[PDB]
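Q:
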Amino acid sequence: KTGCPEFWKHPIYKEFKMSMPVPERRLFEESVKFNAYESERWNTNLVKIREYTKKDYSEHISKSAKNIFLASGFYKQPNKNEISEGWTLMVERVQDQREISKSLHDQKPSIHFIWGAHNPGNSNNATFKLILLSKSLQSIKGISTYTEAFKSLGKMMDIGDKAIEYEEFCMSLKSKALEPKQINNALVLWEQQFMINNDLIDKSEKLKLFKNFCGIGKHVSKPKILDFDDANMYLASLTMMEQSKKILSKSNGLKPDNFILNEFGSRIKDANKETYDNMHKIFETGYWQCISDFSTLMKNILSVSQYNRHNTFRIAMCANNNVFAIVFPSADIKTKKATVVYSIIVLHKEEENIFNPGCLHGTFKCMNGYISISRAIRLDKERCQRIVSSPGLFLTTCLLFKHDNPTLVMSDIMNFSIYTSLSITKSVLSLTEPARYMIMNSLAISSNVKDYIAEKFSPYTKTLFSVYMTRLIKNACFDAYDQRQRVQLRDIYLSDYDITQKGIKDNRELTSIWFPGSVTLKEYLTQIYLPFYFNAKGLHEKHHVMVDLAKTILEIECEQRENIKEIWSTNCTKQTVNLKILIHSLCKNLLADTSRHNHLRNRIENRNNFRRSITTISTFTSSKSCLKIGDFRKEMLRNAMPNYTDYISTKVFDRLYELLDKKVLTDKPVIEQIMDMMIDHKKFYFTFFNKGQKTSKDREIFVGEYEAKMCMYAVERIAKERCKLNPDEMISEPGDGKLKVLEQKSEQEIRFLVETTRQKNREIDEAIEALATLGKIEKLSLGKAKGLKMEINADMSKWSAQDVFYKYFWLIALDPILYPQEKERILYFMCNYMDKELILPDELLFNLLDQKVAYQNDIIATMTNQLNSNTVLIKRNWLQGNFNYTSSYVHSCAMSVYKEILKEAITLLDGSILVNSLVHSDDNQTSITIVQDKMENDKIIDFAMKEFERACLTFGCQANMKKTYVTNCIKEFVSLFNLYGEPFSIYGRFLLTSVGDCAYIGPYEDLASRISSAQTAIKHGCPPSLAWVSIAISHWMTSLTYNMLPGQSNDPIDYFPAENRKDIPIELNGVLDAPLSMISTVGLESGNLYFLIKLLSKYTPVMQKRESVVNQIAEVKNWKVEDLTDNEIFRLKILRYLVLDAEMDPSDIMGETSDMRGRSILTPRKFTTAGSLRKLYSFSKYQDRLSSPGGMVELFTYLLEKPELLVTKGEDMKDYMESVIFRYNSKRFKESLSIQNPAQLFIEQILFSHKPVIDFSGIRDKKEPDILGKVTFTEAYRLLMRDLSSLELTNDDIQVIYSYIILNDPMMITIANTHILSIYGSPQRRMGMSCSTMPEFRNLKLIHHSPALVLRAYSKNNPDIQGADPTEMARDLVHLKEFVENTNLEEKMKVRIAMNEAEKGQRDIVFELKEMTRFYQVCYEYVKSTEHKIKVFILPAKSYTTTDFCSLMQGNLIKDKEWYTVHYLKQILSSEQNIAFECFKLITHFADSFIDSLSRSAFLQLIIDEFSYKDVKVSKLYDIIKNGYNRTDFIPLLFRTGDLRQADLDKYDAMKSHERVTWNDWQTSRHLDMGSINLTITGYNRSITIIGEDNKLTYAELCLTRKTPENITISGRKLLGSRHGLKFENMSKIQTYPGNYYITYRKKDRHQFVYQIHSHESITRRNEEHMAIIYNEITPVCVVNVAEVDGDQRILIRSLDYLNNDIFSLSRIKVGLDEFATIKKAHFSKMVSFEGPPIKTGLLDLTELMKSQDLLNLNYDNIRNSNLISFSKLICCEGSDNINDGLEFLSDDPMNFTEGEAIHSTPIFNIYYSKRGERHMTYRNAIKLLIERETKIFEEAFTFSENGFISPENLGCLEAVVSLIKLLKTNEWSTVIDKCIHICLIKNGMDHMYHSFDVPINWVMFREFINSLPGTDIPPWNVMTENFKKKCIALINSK
RNA sequence: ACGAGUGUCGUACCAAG
RNA sequence: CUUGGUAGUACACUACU
Ligand SMILES: Nc1ncnc2c1ncn2[C@@H]1O[C@H](COP(=O)(O)OP(=O)(O)OP(=O)(O)O)[C@@H](O)[C@H]1O
Ligand SMILES: [Zn+2]
């Protein structure tokens, strides 16, 4: 209500205004006090401000536009010389900043492991291996510094011949659970653990070894890195790599048998045999053995390192009987920052057979071979996790790099993979992070690679492999610019509505970066971007990274303090803003934006709950961290500084609770509270920490106060809705819809570039081709306009740091949706935010207070007054991520200014330009297409980049040097690529993130996260086989982490009534069984769906086996629970009582909400950090209330009386407090507030493998470590199985399960129908990859609103909830209530409640509360399982309907080499007048295009009286359109049927009141101006007709009633003003002659034209006077013949029959002599919705052709070049001998065919379009030629003999194959073969012996003849026959 | 030795003799 | 240097849903 008068007192505002010109200060002042409600209009102030700055904006825009003439065309090209200069400068800077060491022995270990081949001779028994190690260590020959101590270690570990009592002692120690019991000169304490015997080791030797070799108790320069550019160092690195290649690439001499193979080999092989072969090769080599041995050894070292001593060491072993590791004494691994010290020892027979990655200490000659000992290695928990998880990462990297590349050798790939996966140091991060940007910029057309390399790039090479990688990067950067010219665009196949073919040609020419070989462009980009994602997180030590981040922030703030004086500049000064240009841009942008939508303020108040309560906003009541400023002494640093500000970090909701309890916040609506807080809170404090990402330099992250949180939330929500950003998307996790937005933009520029050049060069290329039947050609070719495409992928440098915060002041002051008081208070907040202070973390203060020796130039000391305080003022740096949307809006305004610059600049050259630019937080992608003829392209590019940099500097921004590059066909938005219209993404980045990043929450949590990552990768276009690889690796890693491998601790095979992990649900620690399509589309629920589908297939009669899923489910009533296998009963009980019911709680639920129950049953307990909880103010209140006489039961009663507090976490202050206190009882919500370190969660599963962790309590109440449950995994399985055996299974429960897992959600029904009814078709190659969502996804969504809102409405029983539409909640709640009533949930809940109460005698609040909690949780999960977040997919084609989407998706996920066509037997998808219109616009045009004229009417009548469309009968739709008054749109239909009336013709003539625009024929392509132009525009007493061909309008016939030139011109002007749609500008000019009238066109606006009719004298006279004085002149186009017709011309029904005696069309009839009645076309992708009885004509089936989508093209070339699989789809002869009968009914009209025309642009590409064919180009002729080719192709392909196809010897093989196909059940590739055979025998005239087949039963014969038959090479039959053979052999093996 | 680093660190801690 | 005793998180973590 009242404003903030304190705003005009602020020192920040005082500085802001004095920095501005006096008139600008005034205009700002009147801008602040402007009220949009109290003035005449809402734009008076904005219009005034825009007009004030109009002159200066025009001056700047013109000055920047005229700079295209001052360009020179010499931009930044990163060729070899520039790269070399940058490399030299970088070397100089690095040698300055580092201490370069040229010694080879100063290398750090590249891999902290030395390996040797396992000995086939020695045994694998632990004691024998220990004896061997001892004896070999004792016999060391030679002398060194530690040889004596090593031999003493050998002495003190021998046991002699006392092994039996040794193993007895060890076994007894293990059985009982410390005293050293000496065996033989060895004080054994445990298995493989020994006590240091001072009698066997010298004192000096022991002390020296323990202090120097291991550094145990032994306790300024520059970092010492190796010489990366030295010749000797690079040669040594090459020798190391070559030695590793030589030794590790030898075969293991084993048999690969592991979990991954035995579980997923069939799937991976049936998706790609190559991938299976690659895995089989990898598993046989020494690389996999080495990595597995190292991982197992590391696991053993971590396991045994718990209870050590100060003189004890351990001998950890592994599966390799030649590799041992000594675990030297250290701290307990499960402690804080605990390290482990070890030393690898290898015993090998012969020297140089040792893996030395720079870690070997020395190899010595012992008895019977050599012994090799590595150096001591000290590692922490995090790097140990990476070491353990390395095998999966290595396998994934190998299969990503080798996938589909015959020109890359596996050994080199595996060398790189092993040296990159086991590297746990920053040395490789410092190269992987910059290499991406460096190589991408280097390949670019224009970029700053030289500058980036020279003054930013800094390799950090402490290892030899780092030197190798640096050399590889140098070579790749040298070669990128000289190989950029090897990419070529693909031939574009566009059809004026879609681009069928687009992208980069698959030319494998580009040289591989890391490998010897050649790669394609996509593979090259993968190799560039893939190495970024191997890097580990949390490698930064806080001790150094914290001071690094502090140095960065403090240095930037010091620079801003002492170097930036002026804020507003006009010469693009860095970190300055052009004031007037900014003001004008804000005016224009706000005025444009506030015009599209009207209720903008209403949307702000509604979508952000500004009028609601504080407790209803998720961002204010979450579990995140906040900041508290105050005194926390109770909860050396304090008594050091008198200005030290105390602080603590708490949770968001806890701070909200504290604020509510202390009356700081009230129950007023949130916006009022925030508005008061804008003036109440005047000091803002922020604290920073390290994010811990994988980049070489970490990023600072700032935590703020809750008051700052509310106040910034207000501003961000005000500015967010003005942006064009989707409000359901994440800034942190950008949605995949951008990948489609990029594609749409690329298509738009592609169409613009294709059309504009053609339009401007038609006459030039015509003059050229006329001379082709010489220098004139060169002159014409130089005189034409050429095309250009540019895309500037840029990122802004210091988006949050180096920005002018003063521009947001103007942005707020110009916002008209805000009252003067609101602007006052928001500006007061902005001023106070400019005065925020950064509090240094106390860890940093401790680090800096232990210095003593002072830093030479300590900036922190200088601006903390020698650490007098810990607070630093930060003025111009708005903190990272606090102002995303406002900065995005300002960036969009800047880009609008840049677009204006480019548009004016190009109009200065009389060209055409089209610019689109996407603006995210700071990432940029601007696409520019320019067509002109004035200057060269290089000058255009130079000017574009110069003005781009200037525009960014204009608004205080600054583009990065590292991330800004320009390209001709590579668009790069946020982690997404668009390769010339074809979308592209690096799918491997998700697989690597799934393999590396693991939260270790539990088995299902990790498995679900990894499967979700695999699903996302599939959605990003991952090949199916590699997705199976990732899924298998996820399974194997999850099973290895929790000891689930067969024979381990928690293996559940022997505890469940199953036989394999396959038959066990993943919810109970099984493996997932589902085709990849279900995984991609649903995720984590595909197992249940697949099990139900398998149940249906197993237990459905054969009569309904091929029907829909609903039809087979209808038979579930006939099912019996008795005749079910125990496994199926087990899984059905699981589904009934754990998915659809809450019979067993995974954990104690008392205190839980409805949304905190997962899909898991056995959730292991996690860390409950007691220390973290004591920091919470509300936790003390919870403790006090718990320790009360009757406090808790009263709270339980209050919750029971208001059950809505379970779903809704609180909606008011009192209710929110009670709900928080209640939730503190969850025993799992306390885990979410605790510290869950992935390191200790990792070590938990290895250290404590038998500790009970699972908190399982059965069916509905039937000193210790921090992590402790009640039962172990084995006990959990046993108890759960016992409990499940106590329930009963009835057929009604099965019906309920099938009704509420499949039948409820339409998406589940659709997926089941696709899985059951799928028919696989012709193989095709991926050439037109395109993004697409699933169309009409509103109709397949069962619950429209969010599950949380639905449950809130259900709890309140109110459909009209605060934030949702009541109309949809009506249906949502009725669905939820129907679910509740049908499953018998509420009444059963009351049954147990009453039964328990009666048993106990009195009411028990706890049991009822638990029951209600289970009820709400089950309802919430049911609603949640309905929504399937199907985001955009990357499909081989474009999808128009749901069935098309499903078919494309299923065909894209069955093979890696090619994608197939999928057809469905029935309708998988199982305003009414609109359906009728679509029904007839299809069938009419279908008959005209594809049906002969003779049979057209008969086919139409058959469809009308027998077919049905979209489950509606066609007859009903025709009756509907008859009743409607829009029948005049279907005049040809009514005439052909006979239902036309004279009233219809009167109405048709009555459509002359508004000029009746009728297109007598459809243009072949109207945008490219192709097709016979036959147009008629008529009004009352006037009509015209236009005829032309593509470019030239032949003649126009005009009929009028009064032949006077004035009336002629007026009538022509009226007619041309109609919505004819014809451009009249693309048409070429025509010669003008006296005495004739010519069609003329004018340009008036920039893109608006006016067409009139004039005379030769008039046009000449006006041209000759206008040419004298841009230049808009009268251009004639077509001559007109004026005629006089006074007649009524009343169209009568009697005339139509006579007129149409020769036209048999169904979509066009001669309503007059020169005018036609037409039916609007409809796309044939929807043609599948029809369903009816088959139409058998001869041998073909029209109804199947109605379904065969691949044959619905109207292009002659596509049909003639098809495959015979389409005919196998069509054919249903049932006893025919000739094919000519069927071909008669097909059409014989001319059909379109393809032509190519080169496009003149810097990316050279050729487009292929459609054009009208000649007389012989008909559908029937294409059919005949296709048959004549493909029948012979198949016959030779399947000859299986020499005599011929018809020879009986071949007929025997055909009989065998058809018998195999028929006896064995039908497969996914069996019908096509047998129908192809039928077609070919029809062709050979031996159809009598196709229905005469029989059997030739032993499967040995079947196996033999299938295996031995040859496979064809040239025909497309190769792949399909291979698939058929593989499937049939697999199935007969299953037999 | 190893991790980190052009920021002084980790490189287990305490008590007894 | 010998003996005894002690040790569960990096107490860690944002804005954007
Ligand atoms: N994890 C995050 N936390 C907070 N804000 C983030 C985060 N990730 C992205 N952002 C937002 O997006 C921007 C991305 O900036 P980016 O990481 O490119 O660095 P920058 O500040 O632009 O500096 P430079 O380009 O020199 O690295 C941030 O400034 C912030 O607005
Ligand atoms: Zn037949």
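For what it's worth, this note's numbering labels the leading residue of the first sequence as 7, then goes sequentially. C-beta atoms are modelled at their ideal positions from N, C-alpha and C, and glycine is treated no differently.
Nearer than 7 Å: is that true of the beta carbon of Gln886 relative to any heavy atom of ligand 1?
A: Stepping through the first sequence from its first residue, residue 886 is reached at position 880. Checking the Cβ of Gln886 against ligand 1 gives yes.
Q: Could you tell me the distance, in whole angstroms, from the CA atom of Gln199 to the CA atom of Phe300?
A: Walking along the first sequence from the start, residue 199 turns up at place 193. Walking along the first sequence from the start, residue 300 turns up at place 294. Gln199 and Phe300: Cα-Cα distance of roughly 20 Å.
Q: So, does the stretch 1186-1200 touch the stretch 1243-1256, judging by three or more C-beta pairs under 8 Å?
A: no
Q: Would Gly166 be called buried (16 or more neighbouring beta carbons within 10 Å of its own) or exposed?
A: Position 160 of the first sequence, counted from the start, is the residue given in the question as residue 166. It is exposed - the Cβ of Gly166 has fewer than 16 other Cβ atoms within 10 Å.
Q: Smallest Cα separation from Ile379: which of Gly9, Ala331, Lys1269, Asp841?
A: Working through the first sequence from its first residue, we reach residue 379 at position 373. The residue with the shortest Cα to Cα distance from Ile379 is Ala331.
Q: What are the residues that DSSP puts in a beta bridge with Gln1658?
A: Counted from its first residue, the first sequence places residue 1658 at position 1652. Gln1658 is bridged to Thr1646.
Q: Alpha carbon to alpha carbon, what distance is there between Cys176 and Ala183?
A: The residue you call residue 183 lines up with position 177 of the first sequence. The residue you call residue 176 lines up with position 170 of the first sequence. The alpha-carbon atoms of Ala183 and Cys176 are separated by roughly 11 Å.
Q: Mind checking which residues open and close the beta strand (DSSP E) that includes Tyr1815?
A: Residue mapping note: residue 1815 aligns to position 1809 of the first sequence, counting from 1. Boundaries of the beta strand (DSSP E) harbouring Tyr1815: 1811-1817, taken from the DSSP string.
Q: Sorry if obvious, but does the Cβ on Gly1781 come closer than 7 Å to a heavy atom of ligand 2?
A: Locating residue 1781 in the first sequence gives position 1775, where the first residue counts as 1. Flag set: Cβ of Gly1781 near ligand 2.
Q: Quick check: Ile1315 and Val1518, are their CB atoms within less than 8 Å of each other?
A: Translated into the one-based positions of the first sequence, residue 1315 becomes position 1309. Translated into the one-based positions of the first sequence, residue 1518 becomes position 1512. The answer is no: Cβ separation not under 8 Å.
Q: Is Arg32 a contact residue of ligand 1, with contact defined as CB to any heavy atom under 7 Å?
A: If you number the first sequence from 1, residue 32 lands on position 26. Outside the cutoff, so no.
Q: Mind checking which residues open and close the alpha helix (DSSP H) that includes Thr1316?
A: Taking the first residue of the first sequence as 1, we reach residue 1316 at position 1310. Here the alpha helix (DSSP H) through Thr1316 covers 1312-1323.
Q: Pull up the DSSP beta-bridge partners for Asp1747, would you.
A: In the first sequence, residue 1747 corresponds to position 1741, counting from 1. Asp1747 pairs with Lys1742.
Q: Helix or strand or just coil, what does DSSP make of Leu1295?
A: As a first step, residue 1295 is located in the first sequence; it is residue number 1289 there, counting from the start. It is coil, neither helix nor strand.
Q: Please report the straight-line C-alpha distance between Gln144 and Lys161, rounded to a whole angstrom.
A: Start at 1 with the first residue of the first sequence, and residue 144 comes out as number 138. Start at 1 with the first residue of the first sequence, and residue 161 comes out as number 155. Computed Cα separation, rounded: 6 Å.
Q: To the nearest angstrom, how far is it from the Cα of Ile818 to the Cα of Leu833?
A: Counting from 1 along the first sequence, the entry for residue 818 is found at position 812. Counting from 1 along the first sequence, the entry for residue 833 is found at position 827. The straight-line gap from Cα to Cα measures roughly 8 Å.
Q: At a threshold of 7 Å, does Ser436 count as lining ligand 1 (C-beta to nearest heavy atom)?
A: By one-based count along the first sequence, residue 436 stands at place 430. Result no, Cβ not under 7 Å from ligand 1.
Q: Going by the C-beta, is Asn890 closer than 7 Å to any heavy atom of ligand 1?
A: Within the first sequence, numbered from 1, the residue matching residue 890 stands at position 884. Answer for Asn890: yes, Cβ within range of ligand 1.
Q: How should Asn767 be labelled, buried or exposed, when 16 other C-beta atoms within 10 angstroms of its C-beta is the threshold for buried?
A: On the first sequence, residue 767 is found 761 positions in, with the first residue counted as 1. Result: buried.
Q: So what does DSSP say about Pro1372, is it helix, strand or coil?
A: Within the first sequence, the letter at position 1366 stands for residue 1372. Reduced to three states, the DSSP call for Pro1372 is helix.
Q: Only counting the same chain, and skipping five residues up and downstream in sequence, which positions put a Cβ closer than 8 Å to that of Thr1681?
A: As a working mapping, residue 1681 is identified with position 1675 in the first sequence. The answer, listed in chain order, is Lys1635, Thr1646, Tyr1647, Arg1648.
Q: Using only the heavy atoms of ligand 1, determine whether one of them is closer than 7 Å to the beta carbon of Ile798.
A: Position 792 of the first sequence, counting from 1, holds the residue named residue 798. No, since every heavy atom of ligand 1 falls outside the 7 Å radius drawn around the Cβ of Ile798.
Q: Flag this pair as yes or no: are the beta carbons of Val937 and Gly793 separated by less than 8 Å?
A: By one-based count along the first sequence, residue 937 stands at place 931. By one-based count along the first sequence, residue 793 stands at place 787. Yes; because the gap between Cβ atoms is below 8 Å, this pair is in contact.
Q: Pull up the CB-CB distance for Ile1839 and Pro1902, whole angstroms please, since I reckon it's below 8 Å.
A: Along the first sequence, read from residue 1 onward, the residue named residue 1839 stands at position 1833. Along the first sequence, read from residue 1 onward, the residue named residue 1902 stands at position 1896. Actually they are not in contact, since the Cβ atoms of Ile1839 and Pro1902 sit about 26 Å apart, beyond 8 Å.
Q: For the beta strand (DSSP E) that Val1397 lies in, which residues bound it at each end?
A: As a working mapping, residue 1397 is identified with position 1391 in the first sequence. Per DSSP, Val1397 belongs to no beta strand (DSSP E); it is in the alpha helix (DSSP H), 1392-1406.
Q: The beta strand (DSSP E) that contains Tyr43, what's its start and end?
A: Walking along the first sequence from the start, residue 43 turns up at place 37. For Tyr43, no beta strand (DSSP E) segment is defined, and its DSSP state is neither H nor E.
Q: Would you say the stretch 1407-1425 touches the stretch 1384-1396, given that touching needs at least three Cβ pairs under 8 Å?
A: With the rule of 3 Cβ pairs closer than 8 Å, the stretch 1407-1425 counts as touching the stretch 1384-1396.
Q: Does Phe319 come out as helix, strand or coil in the three-state DSSP assignment?
A: To locate residue 319, count along the first sequence from 1; it is residue 313. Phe319 falls in the strand class under three-state DSSP.
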